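**Student:** Dumping the structure here so I can ask a few things about it.
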Amino acid sequence: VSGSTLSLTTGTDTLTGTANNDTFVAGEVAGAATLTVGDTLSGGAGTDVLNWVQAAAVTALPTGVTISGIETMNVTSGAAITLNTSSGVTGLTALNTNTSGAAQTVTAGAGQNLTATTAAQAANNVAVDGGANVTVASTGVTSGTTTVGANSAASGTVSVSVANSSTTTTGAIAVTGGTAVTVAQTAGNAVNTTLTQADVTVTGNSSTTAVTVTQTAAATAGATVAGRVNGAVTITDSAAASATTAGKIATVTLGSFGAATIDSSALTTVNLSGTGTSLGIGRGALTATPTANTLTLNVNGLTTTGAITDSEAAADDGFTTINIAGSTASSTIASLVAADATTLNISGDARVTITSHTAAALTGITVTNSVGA
Amino acid sequence: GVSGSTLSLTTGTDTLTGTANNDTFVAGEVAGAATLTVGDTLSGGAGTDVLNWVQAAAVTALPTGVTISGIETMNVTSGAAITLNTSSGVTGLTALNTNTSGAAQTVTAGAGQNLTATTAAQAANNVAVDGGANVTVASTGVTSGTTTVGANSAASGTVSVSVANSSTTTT
Ligand SMILES: [Sr+2]
Ligand SMILES: [Sr+2]
Ligand SMILES: [Sr+2]
Ligand SMILES: [Sr+2]
Ligand SMILES: [Sr+2]
Ligand SMILES: [Sr+2]
Ligand SMILES: [Sr+2]
Ligand SMILES: [Sr+2]
Ligand SMILES: [Sr+2]
Ligand SMILES: [Sr+2]
Ligand SMILES: [Sr+2]
């Protein structure tokens, strides 16, 4: 049931909503902000919203402001947003911060889903921390960077979308922590131009079980063709350097990639698609000899120009069984390097081509792929 | 207790009298200007009444000519330092709560007033409290800043000090 609209003032407000769905409006009055020192907002029962909008940059939650009972907080500025809602804000489950052509530096409470939406980001940087589920939705990015969890990891999942239609190389994307991470890049430069996409670094924490990093497929620029180069990808389990602590990242998905590396003692499955350069797979640095030594490569329309390498096998304990499952569209791996592999199984319903392989310890290759290998 | 009214002070000279019930006096800011101002007169009346004094500017004293009576609890929050002595005047006050972040506190409470000084990110700023009935100091983010209770007048009741430091700078 529709409730009331409650406009804040340039003074200290004490506003309590109804038992219904209310909208708290923290706009401007003649250019002056109305979310101001000492404001106390209580949504009451129902699904309540606070819309905080002002032309001037948002620089902080003001002194003495308390917000309770409001389920959604929308923050829109005509300039940058710098905001920490990890204190004074009870009951918020959705925090949405919105800029265009300006930076965002946002820290949310661990129970607040954060969505940072930036248009025309260009050379401005976006940094978000805290939150439950964290979502970054960035368009018109050029050299500006995208950083999640450098100070405090998301309690839930992380989803980053960065779009660049310039020829200026996309600023680096870094994510630290989260239960599952997806970094999705797109390149939208015009034909007969080339754009290099952002390097991506994803460092898991104790909760990170899966990481996904996708980009626009690489291509050579021509009169009819927009050129694209894929960025590097670095994915590191939090326990990658430990001799005793078990890993957590079990699945990695790459949709087109430059020079990519994975390091996780828990890794069992890698899903690959698009245009890849190279992929090196490390399994951490545990001293104990591993018992699960099966690697599954699920490929779908994958083309690599370089090698997929088990980097652990040469001097440590690599994978002994490699399962390659081809799906939906044919794949071509330029080189497969696996110094400890003794069994290679190739399955699926789409062709798998391995142009060259270096795996001297192999004793058996068996193909069940219905299309062929 | 039964809830009463909310009484917002203004940037003009206020004369505010509460209801026989539990009232909340709000002494905030209007567009950056304090609303607790010279000559203000506050009278809580019967019931359990509270004054919330919040402003970005430092608190250095009660403004000239201000009279406060019948208000049992006073909360003081500043964006800068707090320097305040409530051991005379403010008749009927039994609880004083002072709150800063990254700024010093120098507070003297009356011998019948429970004092709670809460400082976040105290760092190198010093906290000094005197007087009071039961005295509570709750400080986080302390570094080299000191904590001094009762150097000029001892608490009439108990003293409870909590000091948290997450730096490598000796507390
Ligand atoms: Sr206000
Ligand atoms: Sr409501
Ligand atoms: Sr409420
Ligand atoms: Sr509500
Ligand atoms: Sr290793
Ligand atoms: Sr080892
Ligand atoms: Sr080996
Ligand atoms: Sr006044
Ligand atoms: Sr009263
Ligand atoms: Sr009273
Ligand atoms: Sr009175």
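Identifiers in this document derive from the order of the structure tokens: chains are assigned A, B, ..., residues are numbered from 1 separately in each chain, and ligands are numbered from 1 in order of occurrence.
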Using only C-alpha atoms, find which residues of chain B lie within 8 Å of chain A and jot them down as a tab-separated table (two decimals) with N, CA and C atoms, in the first residue's frame.
**Tutor:**
chain	number	residue	atom	x	y	z
B	26	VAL	N	15.46	19.04	19.85
B	26	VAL	CA	16.43	18.87	18.78
B	26	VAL	C	17.14	20.20	18.55
B	28	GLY	N	19.80	21.05	16.37
B	28	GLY	CA	20.64	20.78	15.21
B	28	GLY	C	21.19	22.02	14.53
B	29	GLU	N	21.45	21.87	13.23
B	29	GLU	CA	21.92	22.91	12.33
B	29	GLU	C	20.87	23.24	11.28
B	30	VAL	N	20.89	24.48	10.79
B	30	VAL	CA	20.11	24.85	9.62
B	30	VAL	C	21.09	25.40	8.59
B	31	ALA	N	21.34	24.62	7.54
B	31	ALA	CA	22.26	25.01	6.46
B	31	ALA	C	23.62	25.40	7.01
B	32	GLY	N	24.11	24.63	7.99
B	32	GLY	CA	25.42	24.87	8.57
B	32	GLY	C	25.47	25.83	9.74
B	54	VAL	N	23.42	18.70	18.24
B	54	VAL	CA	24.30	18.15	17.21
B	54	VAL	C	24.67	19.25	16.23
B	55	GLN	N	25.96	19.41	15.97
B	55	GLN	CA	26.40	20.47	15.08
B	55	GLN	C	27.79	20.17	14.56
B	56	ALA	N	28.08	20.63	13.35
B	56	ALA	CA	29.41	20.41	12.80
B	56	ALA	C	30.46	21.20	13.57
B	77	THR	N	26.75	16.06	20.26
B	77	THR	CA	27.53	15.49	19.17
B	77	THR	C	28.08	16.62	18.33
B	78	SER	N	29.40	16.64	18.13
B	78	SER	CA	29.99	17.68	17.30
B	78	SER	C	30.86	17.04	16.24
B	79	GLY	N	31.03	17.76	15.13
B	79	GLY	CA	31.96	17.39	14.08
B	79	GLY	C	33.38	17.76	14.39
**Student:** Tell me which protein, DNA and RNA residues are within 12 Å of residue 152 in chain B, counting only C-alpha atoms, leaving out same-chain ones fewer than 6 positions away, and put them as a CSV table (one decimal) with N, CA, C and O atoms, in the first residue's frame.
**Tutor:**
chain,number,residue,atom,x,y,z
B,106,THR,N,36.9,17.5,26.4
B,106,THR,CA,37.2,18.1,27.7
B,106,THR,C,35.9,18.4,28.4
B,106,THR,O,35.3,19.5,28.2
B,107,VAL,N,35.4,17.5,29.2
B,107,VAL,CA,34.0,17.5,29.7
B,107,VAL,C,34.1,17.4,31.2
B,107,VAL,O,34.7,16.5,31.8
B,108,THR,N,33.3,18.3,31.9
B,108,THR,CA,33.1,18.2,33.3
B,108,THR,C,31.6,18.1,33.5
B,108,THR,O,30.8,19.0,33.0
B,109,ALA,N,31.2,17.1,34.2
B,109,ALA,CA,29.8,16.9,34.6
B,109,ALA,C,29.5,17.2,36.0
B,109,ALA,O,30.4,17.1,36.9
B,128,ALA,N,39.7,14.1,28.2
B,128,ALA,CA,39.8,14.5,29.6
B,128,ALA,C,38.4,14.7,30.1
B,128,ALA,O,37.6,15.5,29.6
B,129,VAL,N,38.0,13.9,31.2
B,129,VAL,CA,36.7,14.1,31.8
B,129,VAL,C,36.9,14.3,33.3
B,129,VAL,O,37.8,13.7,33.9
B,130,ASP,N,35.9,15.0,33.9
B,130,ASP,CA,36.0,15.3,35.3
B,130,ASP,C,34.6,15.4,35.8
B,130,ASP,O,33.6,15.5,35.1
B,131,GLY,N,34.4,15.3,37.2
B,131,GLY,CA,33.1,15.3,37.8
B,131,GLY,C,32.3,14.1,37.5
B,131,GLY,O,32.8,13.0,37.3
B,132,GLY,N,31.0,14.2,37.5
B,132,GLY,CA,30.1,13.2,37.1
B,132,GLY,C,29.7,12.3,38.3
B,132,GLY,O,30.3,12.4,39.4
**Student:** Between CA of residue 257 in chain A and CA of residue 284 in chain A, what distance in Å does the model show, to one decimal?
**Tutor:** 21.5 Å
**Student:** Might you pull out every residue within 9 Å of range 155-161 of chain B, with only C-alpha atoms counted and same-chain residues fewer than 4 positions away left off, and present them as a list in words?
**Tutor:**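 Neighbouring residues, sequence-local ones excluded: residues 109, 111, 112, 114, 130, 131, 132, 133, 134, 135, 136, 137, 138, 139, 147, 149 and 150 of chain B.
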**Student:** Can you tell me which residues sit at most 7 Å away from ligand 8, counting only C-alpha atoms and all ligand atoms, written as a list in words?
**Tutor:**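 For ligand 8, the residues inside 7 Å are residues 9, 10, 11, 12, 13, 14, 35, 36, 37, 38 and 40 of chain B.
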**Student:** So which residues are near ligand 9, meaning at most 12 Å away with only C-alpha atoms and all ligand atoms counted, given back as a count of residues only?
**Tutor:** 33
**Student:** List all protein, DNA and RNA residues that have an atom no more than 6 Å from any atom of ligand 4, counting only C-alpha atoms and all ligand atoms, and report them as a compact mmCIF listing (two decimals) with C-alpha atoms, in the first residue's frame.
**Tutor:**
# COMPACT_ATOMS: atom_id res chain seq x y z
CA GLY A 43 11.13 4.23 7.80
CA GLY A 44 8.76 2.29 9.98
CA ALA A 45 6.96 -0.75 8.65
CA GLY A 46 6.67 -1.41 4.94
CA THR A 47 9.08 -1.20 2.04
CA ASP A 48 10.71 2.20 2.35
CA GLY A 69 13.97 1.14 8.76
CA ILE A 70 14.61 2.22 5.15
CA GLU A 71 15.12 -0.77 2.89
**Student:** Within 7 Å of residue 142 in chain B, counting only C-alpha atoms, which residues show up once you throw out same-chain ones fewer than 2 positions away? Write them as a list in words, please.
**Tutor:**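 Near neighbours after the sequence-gap exclusion: residues 121, 122, 123, 124, 139, 140, 144, 145, 163, 164, 165 and 171 of chain B.
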